[PDB]
Amino acid sequence: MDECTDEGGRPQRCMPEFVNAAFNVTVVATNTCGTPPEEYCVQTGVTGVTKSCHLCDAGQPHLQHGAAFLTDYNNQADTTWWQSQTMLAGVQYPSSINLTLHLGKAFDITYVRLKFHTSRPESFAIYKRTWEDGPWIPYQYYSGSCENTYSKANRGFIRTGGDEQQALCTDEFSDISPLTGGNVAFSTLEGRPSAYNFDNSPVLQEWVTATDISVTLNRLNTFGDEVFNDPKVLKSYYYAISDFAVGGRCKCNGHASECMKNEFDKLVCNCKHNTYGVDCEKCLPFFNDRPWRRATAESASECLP
Amino acid sequence: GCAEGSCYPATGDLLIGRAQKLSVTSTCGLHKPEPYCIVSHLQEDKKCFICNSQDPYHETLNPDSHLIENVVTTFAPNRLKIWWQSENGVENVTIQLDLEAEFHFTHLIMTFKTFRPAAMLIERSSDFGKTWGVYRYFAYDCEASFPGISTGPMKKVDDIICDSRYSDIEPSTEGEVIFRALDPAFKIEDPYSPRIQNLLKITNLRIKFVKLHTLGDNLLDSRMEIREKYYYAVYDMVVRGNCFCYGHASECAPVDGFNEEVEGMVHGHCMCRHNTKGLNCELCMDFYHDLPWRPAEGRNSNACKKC
Amino acid sequence: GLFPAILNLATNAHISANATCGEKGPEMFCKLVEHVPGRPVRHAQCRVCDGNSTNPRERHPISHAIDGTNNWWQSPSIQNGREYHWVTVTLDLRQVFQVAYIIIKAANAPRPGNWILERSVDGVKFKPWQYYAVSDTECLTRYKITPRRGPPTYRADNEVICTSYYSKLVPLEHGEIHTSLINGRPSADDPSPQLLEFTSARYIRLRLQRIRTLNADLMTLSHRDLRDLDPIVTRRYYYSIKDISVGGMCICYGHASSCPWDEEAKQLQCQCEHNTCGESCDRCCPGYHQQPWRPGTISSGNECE
Ligand SMILES: *[C@@H]1O[C@H](CO)[C@@H](O)[C@H](O)[C@H]1NC(C)=O
Ligand SMILES: *[C@@H]1O[C@H](CO)[C@@H](O)[C@H](O)[C@H]1NC(C)=O
Ligand SMILES: *[C@@H]1O[C@H](CO)[C@@H](O)[C@H](O)[C@H]1NC(C)=O
Ligand SMILES: *[C@@H]1O[C@H](CO)[C@@H](O)[C@H](O)[C@H]1NC(C)=O
Ligand SMILES: [Ca+2]
């Protein structure tokens, strides 16, 4: 749907391509090993190394574990994984180790996925950014201590007619079952009562919009050896995610085909239907015949002169 | 600051150096080898082969060995092709760990081959088999396998319960069973008391099999010609623990009389510091009997005072 | 008495496909949330499906489903049409067996959400065995069947249940489905006579009607224009099956030892041993009018005296 009008005089709704929202973009992470010479190793079943007690080095690309390896082609021949600092830094806070993706425009994010290289964190969550420099709201809460960590009901659900914007807490990924390449995925329209009629739901349309996405790794799942505080035990727990998968489209509210990076070094929607703006939110001043509306499937949502 | 404060011994794998100390009443490849395979084999062009466990495993000469004493952790990239294979139609299978002295056990991970066993339980022995405790119960159906055992969330740190979180029906891709003696979050604090110490120190760990998953095809017959579809098999089991020293030294020297010039084993003899004596440093040494023995916690050395 | 040896019924049987990609020229399929493996340099993350090409990996027909050692066929990408949600797979065993279990595992797609397991004896009438849905709620709304609670158990020998535990999206890659028909039944040890025909069929139909979705299609849908959909957002949705292995016993009441292939009739039939009679070991020879013919049991062969 990269066209405005095919054969008729009136145009139709035009949607952008479903390109990945994390490809070839640098993600900012609070922590990153490599400048400190630090060794670590756990049960080596993840890869097959005899000990895997090597070091994180920033100067060695073949040994670095920074945020660059997080987003990439995700080739199955040689996966690239970002690794945080181990428990030597003591990763258990009221705060957390947070990594945030910057996009520069509102994107129609549909799903979020992660590929845990080493283990699923016991308690972690992923956050939103409705508008630039705006407040954060969460997608979903994965924790085995829903009532203790976030004080929320485990395996929560939203009934019909309720506030579907509010997130939930569930223990779907709490036990470290895969221990290698753990797949966790969340979709924006999962469990929403108004999902079927989402095209006529203003609340979902605004809520699904996102500019930046961050993950709050609250608690790191541990075997239970933290009591001894052994140095080998201390370095045997860490965070490692190999793929940061998030899907979305350049949200111009269905009034543009493609978004092109102009000389301002910022993305702008090539708005059609006599509109201009970051998301085609306003029609041209000469074309204020009718109020602006979302590009519904049935209608075209154009601005007459 | 081991001398000024307290340093705890490093925790490592137990199987390294203890591979020969494995026992089980279920091993294929006996004096009469027999075929053993399961439905839905994908990566192998041939359906299955013959178990031959009369020789220790070799990369090329003996690639079909399935002894319990040859299975190790992922030491080599050939981890995918080393494991032990049980017999046909076995319901009471048991494996155990043999320890020279009392060790500390906290958790074990076993990567199964075909199916997580229907019934799984751990048997505890803190006095070299004189008593027989239990850790936890795993069952596909708790009441069917272990009736009278509570099922659900955590109740107590040291309470035996039955959980189905590790007895699923889709373990083919090297599925493993997670067990933790001490909960990551349900532990209020570290008493370091005999109540928790006697419930954590282990002389001979015991793993028992009570049931095996059935796909329904073998429930209509009692013939030996079809029992080979169902069997237990573990890619690798790893047990992490440390030499018990009451928090005096951060390491244990190799056991005397052992000539293993390898890096990785975990011993059970602690050198004595802060004026103490004994195999595990359980008593103050000479001229320092003035104060009673006390454990070392945090930065408190709690060294025995001179008489 | 003595059932014949186990044989994989799916290996030597014919399989029919309702629709597979590649038969309509080239076809472009993008993995749901992830990129293509890096063998072809490919920013547009679709491997080219094909049906008539020189590269074996390009072609993905159903002739690689069971007979292939490790391969798969994928349903055509919905960009061709929305009607491709309903795809049926037929298992042509050519003879009536005693099916005990079925194994289905995907290759590069989530396990199908809504799909039925229909049996057949006469080749015309089809009776389903188990019902599958994306959620336990969908079982009551769509199939009007109460889903089972906790572990999948049978309250009756001939009961039919709707199980959603095998439709979870968590096993995104190589998701597995293990269906049992005897375990958990009240007459589990002794196969009840009514359970015999319930577990006996000649054709097993793997009717797939709905694909498991991450709400990608629901984000962009056009009810008014059903023939105009965004190719990119729908190319990520398709079925994929890589193994339909099935096992069972020959239906001759366990009065044989094996079921070797017969060159005379091109059919697989057990031998009529243990003093049995008839072409299919389903009768007793003349001279035993005192004892009417009846099938044997597990405990004894029940000779025709
Ligand atoms: C990412 O974008 C930059 C900007 O042009 C380009 O130079 C680089 O090659 C791109 N890398 C990938 C992997 O697409
Ligand atoms: C297992 O059980 C069978 C019969 O129930 C018995 O003959 C056999 O000795 C048992 N073996 C073990 C190791 O318990
Ligand atoms: C396409 O496939 C058909 C069979 O499905 C074949 O007859 C035809 O030659 C093929 N077209 C080619 C190879 O160009
Ligand atoms: C076979 O597929 C077509 C679409 O290609 C669909 O309309 C039809 O319903 C399917 N067959 C059955 C029996 O559902
Ligand atoms: Ca990567």
# chains A, B, ... in the order shown; residues from 1 in each chain; ligands from 1

$ residues_around --residues "residue C:153" --least-positions-apart "5" --cutoff "9 Å" --atoms "only C-alpha atoms" --output "ChimeraX atom specification"
/C:148,161,183-185

$ interface_residues --of "chain A" --to "chain B" --cutoff "9 Å" --atoms "only C-alpha atoms" --output "list in words"
residues 43, 44, 45, 46, 47, 48, 49, 50, 51, 145, 175, 176, 177, 178, 221, 222, 223, 224, 225, 226, 227, 228, 229, 230, 231, 232 and 233 of chain A

$ write_last_selection --atoms "N, CA and C atoms" --output "tab-separated table (two decimals), in the first residue's frame"
chain	number	residue	atom	x	y	z
A	43	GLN	N	27.56	-22.50	33.49
A	43	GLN	CA	27.45	-23.78	32.79
A	43	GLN	C	27.50	-23.56	31.29
A	44	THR	N	28.50	-24.18	30.64
A	44	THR	CA	28.88	-23.85	29.28
A	44	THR	C	28.00	-24.52	28.22
A	45	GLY	N	26.80	-24.96	28.58
A	45	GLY	CA	25.90	-25.56	27.61
A	45	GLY	C	25.34	-24.60	26.59
A	46	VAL	N	25.51	-23.29	26.80
A	46	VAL	CA	24.98	-22.31	25.86
A	46	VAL	C	25.67	-22.43	24.50
A	47	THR	N	26.99	-22.57	24.50
A	47	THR	CA	27.76	-22.66	23.26
A	47	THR	C	28.51	-23.98	23.14
A	48	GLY	N	29.29	-24.36	24.14
A	48	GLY	CA	30.05	-25.59	24.08
A	48	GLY	C	31.51	-25.42	24.42
A	49	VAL	N	31.88	-24.22	24.88
A	49	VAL	CA	33.26	-23.96	25.26
A	49	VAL	C	33.63	-24.81	26.47
A	50	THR	N	34.91	-25.16	26.57
A	50	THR	CA	35.36	-26.00	27.68
A	50	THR	C	35.18	-25.30	29.02
A	51	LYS	N	35.46	-24.00	29.07
A	51	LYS	CA	35.30	-23.24	30.31
A	51	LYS	C	34.47	-21.98	30.13
A	145	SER	N	7.27	-12.79	40.90
A	145	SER	CA	6.87	-12.13	42.14
A	145	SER	C	5.99	-10.93	41.82
A	175	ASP	N	10.59	-19.00	35.17
A	175	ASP	CA	11.60	-20.04	35.29
A	175	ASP	C	12.54	-20.00	34.10
A	176	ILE	N	13.81	-20.31	34.34
A	176	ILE	CA	14.82	-20.30	33.26
A	176	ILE	C	14.76	-21.68	32.62
A	177	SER	N	13.80	-21.84	31.71
A	177	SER	CA	13.62	-23.11	31.02
A	177	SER	C	14.55	-23.28	29.82
A	178	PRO	N	14.68	-22.30	28.90
A	178	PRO	CA	15.53	-22.55	27.73
A	178	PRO	C	17.01	-22.50	28.06
A	221	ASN	N	17.38	-13.62	37.25
A	221	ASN	CA	17.14	-14.93	37.82
A	221	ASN	C	18.45	-15.57	38.25
A	222	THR	N	18.49	-16.06	39.48
A	222	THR	CA	19.69	-16.66	40.05
A	222	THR	C	19.38	-18.07	40.53
A	223	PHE	N	20.40	-18.93	40.48
A	223	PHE	CA	20.22	-20.31	40.90
A	223	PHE	C	19.91	-20.40	42.39
A	224	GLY	N	20.58	-19.59	43.20
A	224	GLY	CA	20.36	-19.62	44.63
A	224	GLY	C	21.65	-19.61	45.43
A	225	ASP	N	22.77	-19.45	44.74
A	225	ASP	CA	24.09	-19.44	45.37
A	225	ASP	C	24.52	-18.06	45.83
A	226	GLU	N	23.65	-17.05	45.70
A	226	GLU	CA	23.99	-15.71	46.15
A	226	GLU	C	24.27	-15.65	47.65
A	227	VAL	N	23.78	-16.63	48.41
A	227	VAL	CA	23.98	-16.62	49.86
A	227	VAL	C	25.46	-16.76	50.19
A	228	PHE	N	26.19	-17.60	49.45
A	228	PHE	CA	27.60	-17.80	49.74
A	228	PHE	C	28.45	-16.62	49.28
A	229	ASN	N	27.99	-15.90	48.25
A	229	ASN	CA	28.71	-14.74	47.71
A	229	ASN	C	30.11	-15.13	47.23
A	230	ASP	N	30.23	-16.32	46.66
A	230	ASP	CA	31.51	-16.77	46.14
A	230	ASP	C	31.89	-15.95	44.91
A	231	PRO	N	33.18	-15.67	44.71
A	231	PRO	CA	33.58	-14.91	43.51
A	231	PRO	C	33.21	-15.59	42.21
A	232	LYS	N	33.30	-16.92	42.15
A	232	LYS	CA	32.87	-17.63	40.95
A	232	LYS	C	31.35	-17.56	40.78
A	233	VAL	N	30.62	-17.67	41.89
A	233	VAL	CA	29.17	-17.50	41.85
A	233	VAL	C	28.81	-16.07	41.48

$ select_by_dssp --residues "stretch 175-295 of chain B" --states "strand (DSSP E)" --output "PyMOL selection string"
chain B and resi 176-178+201-202+206-211+233-241

$ closest_atom_pairs --of "chain C" --to "ligand 3" --cutoff "10 Å" --atoms "only C-alpha atoms and all ligand atoms" --output "tab-separated table"
residue	atom	partner	partner_atom_place_in_ligand_line	distance
C:22	CA	ligand 3	5 (O)	8.4
C:23	CA	ligand 3	5 (O)	5.7
C:24	CA	ligand 3	1 (C)	8.0
C:25	CA	ligand 3	1 (C)	6.8
C:26	CA	ligand 3	1 (C)	9.4
C:50	CA	ligand 3	1 (C)	8.9
C:51	CA	ligand 3	2 (O)	6.2
C:52	CA	ligand 3	2 (O)	4.4
C:53	CA	ligand 3	13 (C)	6.2
C:54	CA	ligand 3	13 (C)	8.5

$ interface_residues --of "chain A" --to "chain C" --cutoff "8 Å" --atoms "only C-alpha atoms" --output "list in words"
residues 1, 17, 18, 73, 74, 75, 76, 77, 110, 111, 113, 183, 184, 185, 186, 187, 188, 189, 190, 195, 196, 198, 199, 245, 246, 247, 297 and 298 of chain A

$ write_last_selection --atoms "N, CA, C and O atoms" --output "tab-separated table (two decimals), in the first residue's frame"
chain	number	residue	atom	x	y	z
A	1	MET	N	0.83	-1.20	0.00
A	1	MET	CA	0.00	0.00	0.00
A	1	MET	C	0.86	1.26	0.00
A	1	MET	O	0.75	2.10	0.89
A	17	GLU	N	5.83	0.96	4.87
A	17	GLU	CA	6.31	-0.41	4.88
A	17	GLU	C	6.49	-0.91	6.31
A	17	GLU	O	6.73	-0.14	7.24
A	18	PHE	N	6.37	-2.23	6.48
A	18	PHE	CA	6.54	-2.87	7.78
A	18	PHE	C	8.00	-3.25	8.01
A	18	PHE	O	8.37	-4.42	8.13
A	73	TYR	N	21.87	-8.46	11.90
A	73	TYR	CA	21.14	-9.36	11.01
A	73	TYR	C	20.57	-10.57	11.74
A	73	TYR	O	19.66	-11.22	11.21
A	74	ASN	N	21.06	-10.88	12.94
A	74	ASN	CA	20.64	-12.07	13.69
A	74	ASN	C	20.84	-13.34	12.86
A	74	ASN	O	19.98	-14.22	12.81
A	75	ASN	N	21.99	-13.43	12.19
A	75	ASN	CA	22.32	-14.61	11.42
A	75	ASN	C	22.48	-15.82	12.34
A	75	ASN	O	23.20	-15.75	13.34
A	76	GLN	N	21.82	-16.92	11.99
A	76	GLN	CA	21.89	-18.12	12.82
A	76	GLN	C	23.25	-18.80	12.74
A	76	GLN	O	23.57	-19.61	13.61
A	77	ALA	N	24.04	-18.50	11.70
A	77	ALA	CA	25.38	-19.06	11.61
A	77	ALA	C	26.27	-18.56	12.74
A	77	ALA	O	27.04	-19.32	13.33
A	110	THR	N	4.06	-2.74	16.79
A	110	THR	CA	3.08	-3.82	16.89
A	110	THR	C	3.49	-4.90	17.88
A	110	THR	O	2.68	-5.34	18.69
A	111	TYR	N	4.75	-5.33	17.83
A	111	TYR	CA	5.23	-6.40	18.70
A	111	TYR	C	6.64	-6.07	19.17
A	111	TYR	O	7.37	-5.31	18.53
A	113	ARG	N	10.07	-8.30	20.78
A	113	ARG	CA	10.64	-9.61	21.04
A	113	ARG	C	12.08	-9.47	21.49
A	113	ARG	O	12.77	-8.51	21.13
A	183	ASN	N	13.05	-17.08	23.94
A	183	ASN	CA	12.19	-16.23	23.13
A	183	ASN	C	11.07	-15.68	23.99
A	183	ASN	O	10.26	-16.44	24.53
A	184	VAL	N	11.02	-14.35	24.13
A	184	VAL	CA	9.92	-13.66	24.80
A	184	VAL	C	9.37	-12.63	23.83
A	184	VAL	O	10.13	-11.86	23.24
A	185	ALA	N	8.05	-12.63	23.66
A	185	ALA	CA	7.41	-11.75	22.69
A	185	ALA	C	6.13	-11.18	23.28
A	185	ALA	O	5.37	-11.89	23.95
A	186	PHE	N	5.90	-9.89	23.03
A	186	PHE	CA	4.68	-9.22	23.44
A	186	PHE	C	4.12	-8.44	22.25
A	186	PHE	O	4.86	-7.75	21.55
A	187	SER	N	2.81	-8.56	22.05
A	187	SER	CA	2.12	-7.84	20.99
A	187	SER	C	1.21	-6.78	21.60
A	187	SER	O	0.62	-7.00	22.67
A	188	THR	N	1.12	-5.63	20.93
A	188	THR	CA	0.36	-4.51	21.48
A	188	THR	C	-1.12	-4.85	21.61
A	188	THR	O	-1.77	-4.47	22.60
A	189	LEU	N	-1.68	-5.57	20.64
A	189	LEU	CA	-3.10	-5.91	20.64
A	189	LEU	C	-3.36	-7.28	21.24
A	189	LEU	O	-4.28	-7.99	20.80
A	190	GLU	N	-2.58	-7.68	22.24
A	190	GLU	CA	-2.76	-8.96	22.91
A	190	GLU	C	-3.73	-8.80	24.07
A	190	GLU	O	-3.43	-8.08	25.04
A	195	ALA	N	-9.63	-5.09	20.36
A	195	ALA	CA	-8.67	-5.42	19.32
A	195	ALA	C	-9.35	-5.67	17.98
A	195	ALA	O	-8.85	-5.24	16.93
A	196	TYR	N	-10.50	-6.35	18.00
A	196	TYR	CA	-11.17	-6.70	16.75
A	196	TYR	C	-11.63	-5.46	16.00
A	196	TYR	O	-11.52	-5.39	14.77
A	198	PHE	N	-10.24	-2.45	16.35
A	198	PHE	CA	-9.17	-1.50	16.66
A	198	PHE	C	-9.20	-0.29	15.74
A	198	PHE	O	-8.81	0.81	16.15
A	199	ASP	N	-9.65	-0.47	14.49
A	199	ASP	CA	-9.69	0.65	13.56
A	199	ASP	C	-10.68	1.73	14.00
A	199	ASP	O	-10.57	2.87	13.53
A	245	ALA	N	14.20	-7.52	18.83
A	245	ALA	CA	13.25	-7.53	17.73
A	245	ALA	C	12.02	-6.71	18.12
A	245	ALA	O	11.32	-7.04	19.08
A	246	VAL	N	11.77	-5.65	17.37
A	246	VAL	CA	10.56	-4.83	17.52
A	246	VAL	C	10.06	-4.48	16.13
A	246	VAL	O	10.83	-4.07	15.26
A	247	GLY	N	8.76	-4.66	15.90
A	247	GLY	CA	8.14	-4.43	14.61
A	247	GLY	C	7.20	-3.23	14.66
A	247	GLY	O	6.49	-3.03	15.65
A	297	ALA	N	-9.85	2.30	7.08
A	297	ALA	CA	-9.79	1.41	5.93
A	297	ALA	C	-10.85	1.76	4.90
A	297	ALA	O	-10.58	1.77	3.69
A	298	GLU	N	-12.07	2.05	5.35
A	298	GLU	CA	-13.16	2.34	4.42
A	298	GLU	C	-12.99	3.70	3.77
A	298	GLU	O	-13.17	3.84	2.55

$ residues_near_ligand --ligand "ligand 2" --cutoff "10 Å" --atoms "only C-alpha atoms and all ligand atoms" --output "MDAnalysis selection string"
chainID B and resid 24:26 90:94 208:210

$ write_last_selection --atoms "N, CA and C atoms" --output "PDB file, in the first residue's frame"
ATOM      1  N   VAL B  24      24.037 -46.651  38.660  1.00  0.00           N
ATOM      2  CA  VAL B  24      22.669 -46.676  38.155  1.00  0.00           C
ATOM      3  C   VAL B  24      22.305 -48.119  37.845  1.00  0.00           C
ATOM      4  N   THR B  25      21.038 -48.464  38.084  1.00  0.00           N
ATOM      5  CA  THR B  25      20.507 -49.785  37.770  1.00  0.00           C
ATOM      6  C   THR B  25      19.866 -49.843  36.389  1.00  0.00           C
ATOM      7  N   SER B  26      20.291 -48.981  35.464  1.00  0.00           N
ATOM      8  CA  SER B  26      19.677 -48.924  34.138  1.00  0.00           C
ATOM      9  C   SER B  26      20.738 -48.472  33.137  1.00  0.00           C
ATOM     10  N   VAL B  90      11.290 -49.322  31.572  1.00  0.00           N
ATOM     11  CA  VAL B  90      11.823 -49.217  32.925  1.00  0.00           C
ATOM     12  C   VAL B  90      11.060 -48.127  33.660  1.00  0.00           C
ATOM     13  N   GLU B  91      10.635 -48.429  34.888  1.00  0.00           N
ATOM     14  CA  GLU B  91       9.880 -47.487  35.697  1.00  0.00           C
ATOM     15  C   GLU B  91      10.565 -47.098  36.996  1.00  0.00           C
ATOM     16  N   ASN B  92      11.490 -47.909  37.502  1.00  0.00           N
ATOM     17  CA  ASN B  92      12.240 -47.596  38.715  1.00  0.00           C
ATOM     18  C   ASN B  92      13.725 -47.519  38.364  1.00  0.00           C
ATOM     19  N   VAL B  93      14.152 -46.338  37.930  1.00  0.00           N
ATOM     20  CA  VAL B  93      15.544 -46.050  37.610  1.00  0.00           C
ATOM     21  C   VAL B  93      16.076 -45.091  38.666  1.00  0.00           C
ATOM     22  N   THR B  94      17.346 -45.249  39.028  1.00  0.00           N
ATOM     23  CA  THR B  94      17.919 -44.454  40.104  1.00  0.00           C
ATOM     24  C   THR B  94      19.387 -44.177  39.819  1.00  0.00           C
ATOM     25  N   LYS B 208      15.971 -40.371  41.735  1.00  0.00           N
ATOM     26  CA  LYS B 208      15.167 -41.555  41.474  1.00  0.00           C
ATOM     27  C   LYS B 208      14.138 -41.263  40.392  1.00  0.00           C
ATOM     28  N   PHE B 209      13.875 -42.272  39.565  1.00  0.00           N
ATOM     29  CA  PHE B 209      12.854 -42.213  38.529  1.00  0.00           C
ATOM     30  C   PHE B 209      11.706 -43.134  38.919  1.00  0.00           C
ATOM     31  N   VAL B 210      10.479 -42.617  38.851  1.00  0.00           N
ATOM     32  CA  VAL B 210       9.308 -43.383  39.238  1.00  0.00           C
ATOM     33  C   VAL B 210       8.372 -43.657  38.064  1.00  0.00           C
TER      34      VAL B 210
END

$ residues_near_ligand --ligand "ligand 4" --cutoff "9 Å" --atoms "only C-alpha atoms and all ligand atoms" --output "ChimeraX atom specification"
/C:17-19,81-88,207-209

$ write_last_selection --atoms "N, CA and C atoms" --output "mmCIF file, in the first residue's frame"
data_model
loop_
_atom_site.group_PDB
_atom_site.id
_atom_site.type_symbol
_atom_site.label_atom_id
_atom_site.label_comp_id
_atom_site.auth_asym_id
_atom_site.auth_seq_id
_atom_site.Cartn_x
_atom_site.Cartn_y
_atom_site.Cartn_z
ATOM 1 N N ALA C 17 -2.002 -32.174 -0.120
ATOM 2 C CA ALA C 17 -1.992 -30.797 0.353
ATOM 3 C C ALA C 17 -3.113 -30.011 -0.308
ATOM 4 N N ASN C 18 -3.803 -29.193 0.488
ATOM 5 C CA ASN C 18 -4.815 -28.310 -0.081
ATOM 6 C C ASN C 18 -4.169 -27.134 -0.807
ATOM 7 N N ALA C 19 -3.089 -26.583 -0.250
ATOM 8 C CA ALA C 19 -2.403 -25.456 -0.873
ATOM 9 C C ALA C 19 -1.002 -25.328 -0.294
ATOM 10 N N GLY C 81 -3.773 -14.261 -0.875
ATOM 11 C CA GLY C 81 -5.182 -14.163 -0.551
ATOM 12 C C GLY C 81 -5.495 -14.498 0.893
ATOM 13 N N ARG C 82 -6.530 -13.861 1.447
ATOM 14 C CA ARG C 82 -6.927 -14.133 2.823
ATOM 15 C C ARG C 82 -7.506 -15.531 2.994
ATOM 16 N N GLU C 83 -7.985 -16.149 1.913
ATOM 17 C CA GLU C 83 -8.589 -17.472 2.001
ATOM 18 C C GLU C 83 -7.591 -18.558 2.376
ATOM 19 N N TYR C 84 -6.295 -18.276 2.311
ATOM 20 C CA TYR C 84 -5.275 -19.277 2.603
ATOM 21 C C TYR C 84 -5.149 -19.583 4.085
ATOM 22 N N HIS C 85 -6.013 -19.027 4.936
ATOM 23 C CA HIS C 85 -6.039 -19.440 6.334
ATOM 24 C C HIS C 85 -6.500 -20.886 6.466
ATOM 25 N N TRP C 86 -7.426 -21.312 5.610
ATOM 26 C CA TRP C 86 -7.976 -22.666 5.652
ATOM 27 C C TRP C 86 -7.168 -23.552 4.711
ATOM 28 N N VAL C 87 -6.254 -24.339 5.274
ATOM 29 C CA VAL C 87 -5.454 -25.293 4.513
ATOM 30 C C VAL C 87 -5.586 -26.654 5.178
ATOM 31 N N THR C 88 -5.839 -27.686 4.377
ATOM 32 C CA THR C 88 -6.063 -29.033 4.881
ATOM 33 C C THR C 88 -4.955 -29.968 4.417
ATOM 34 N N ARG C 207 -6.538 -30.534 9.275
ATOM 35 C CA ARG C 207 -7.199 -29.337 8.778
ATOM 36 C C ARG C 207 -6.734 -28.128 9.580
ATOM 37 N N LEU C 208 -6.072 -27.193 8.907
ATOM 38 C CA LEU C 208 -5.609 -25.952 9.510
ATOM 39 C C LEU C 208 -6.508 -24.820 9.034
ATOM 40 N N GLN C 209 -7.053 -24.054 9.975
ATOM 41 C CA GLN C 209 -7.974 -22.978 9.637
ATOM 42 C C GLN C 209 -7.513 -21.599 10.083
#

$ select_by_dssp --residues "stretch 170-225 of chain C" --states "helix (DSSP H, G or I)" --output "PyMOL selection string"
chain C and resi 193-198+216-219

$ write_last_selection --atoms "C-alpha atoms" --output "mmCIF file, in the first residue's frame"
data_model
loop_
_atom_site.group_PDB
_atom_site.id
_atom_site.type_symbol
_atom_site.label_atom_id
_atom_site.label_comp_id
_atom_site.auth_asym_id
_atom_site.auth_seq_id
_atom_site.Cartn_x
_atom_site.Cartn_y
_atom_site.Cartn_z
ATOM 1 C CA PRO C 193 -14.302 -51.658 22.816
ATOM 2 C CA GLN C 194 -15.780 -48.197 22.242
ATOM 3 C CA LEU C 195 -12.273 -46.713 22.368
ATOM 4 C CA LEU C 196 -11.223 -49.098 19.583
ATOM 5 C CA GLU C 197 -13.227 -47.403 16.827
ATOM 6 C CA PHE C 198 -12.516 -43.989 18.358
ATOM 7 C CA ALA C 216 0.337 -7.923 12.820
ATOM 8 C CA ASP C 217 -2.608 -8.500 10.474
ATOM 9 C CA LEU C 218 -5.094 -6.975 12.925
ATOM 10 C CA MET C 219 -3.105 -3.723 12.935
#

$ interface_residues --of "chain B" --to "chain C" --cutoff "10 Å" --atoms "only C-alpha atoms" --output "VMD selection string"
chain B and resid 39 to 47 140 to 141 164 168 to 173 213 to 223 225 to 226 229

$ residues_near_ligand --ligand "ligand 5" --cutoff "9 Å" --atoms "only C-alpha atoms and all ligand atoms" --output "list in words"
residues 67, 68, 69, 70, 71, 72, 73, 74, 75, 78, 79, 80, 81, 82, 115, 241, 242, 243 and 244 of chain A

$ residues_around --residues "residue B:63" --least-positions-apart "6" --cutoff "10 Å" --atoms "only C-alpha atoms" --output "PyMOL selection string"
chain B and resi 51-53+55-57+81-82

$ write_last_selection --atoms "N, CA, C and O atoms" --output "compact mmCIF listing (two decimals), in the first residue's frame"
# COMPACT_ATOMS: atom_id res chain seq x y z
N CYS B 51 22.54 -49.83 20.76
CA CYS B 51 23.30 -49.36 21.91
C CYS B 51 24.47 -50.30 22.18
O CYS B 51 24.29 -51.52 22.23
N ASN B 52 25.66 -49.73 22.35
CA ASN B 52 26.88 -50.51 22.61
C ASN B 52 27.65 -49.77 23.71
O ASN B 52 28.46 -48.88 23.42
N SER B 53 27.41 -50.16 24.95
CA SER B 53 28.00 -49.52 26.12
C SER B 53 28.90 -50.48 26.89
O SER B 53 28.88 -50.53 28.12
N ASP B 55 32.22 -50.33 26.31
CA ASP B 55 33.50 -49.64 26.25
C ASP B 55 33.28 -48.17 26.58
O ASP B 55 32.20 -47.64 26.32
N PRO B 56 34.28 -47.51 27.16
CA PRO B 56 34.17 -46.06 27.36
C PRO B 56 34.01 -45.32 26.04
O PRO B 56 34.49 -45.77 24.99
N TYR B 57 33.32 -44.19 26.10
CA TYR B 57 32.99 -43.45 24.89
C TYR B 57 34.24 -42.95 24.18
O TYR B 57 35.21 -42.52 24.82
N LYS B 81 26.46 -35.65 21.31
CA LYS B 81 26.49 -37.07 21.02
C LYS B 81 27.04 -37.90 22.18
O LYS B 81 27.52 -39.02 21.96
N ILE B 82 26.98 -37.38 23.40
CA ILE B 82 27.41 -38.12 24.58
C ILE B 82 26.29 -38.08 25.61
O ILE B 82 25.83 -36.99 25.99

$ residues_around --residues "residue B:296" --least-positions-apart "3" --cutoff "10 Å" --atoms "only C-alpha atoms" --output "ChimeraX atom specification"
/B:5-8,245-248,274,293,299-303

$ residues_around --residues "residue A:201" --least-positions-apart "6" --cutoff "12 Å" --atoms "only C-alpha atoms" --output "PyMOL selection string"
(chain A and resi 161+164-165+189+192-195+207-208+294+296) or (chain C and resi 219)

$ residues_around --residues "residue B:18" --least-positions-apart "4" --cutoff "10 Å" --atoms "only C-alpha atoms" --output "ChimeraX atom specification"
/B:13-14,22,69,72,97-100,265-266

$ write_last_selection --atoms "C-alpha atoms" --output "short mmCIF file (atom, residue, chain, number, x, y, z; two decimals), in the first residue's frame"
data_model
loop_
_atom_site.label_atom_id
_atom_site.label_comp_id
_atom_site.auth_asym_id
_atom_site.auth_seq_id
_atom_site.Cartn_x
_atom_site.Cartn_y
_atom_site.Cartn_z
CA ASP B 13 31.05 -28.38 39.36
CA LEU B 14 31.12 -31.67 41.27
CA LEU B 22 28.36 -42.86 39.35
CA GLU B 69 30.40 -42.64 34.14
CA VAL B 72 30.25 -35.02 31.53
CA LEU B 97 26.40 -38.98 43.36
CA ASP B 98 29.27 -40.37 45.44
CA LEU B 99 31.20 -37.90 47.59
CA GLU B 100 34.37 -38.49 49.59
CA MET B 265 37.79 -30.42 40.41
CA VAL B 266 36.17 -29.49 43.73
#
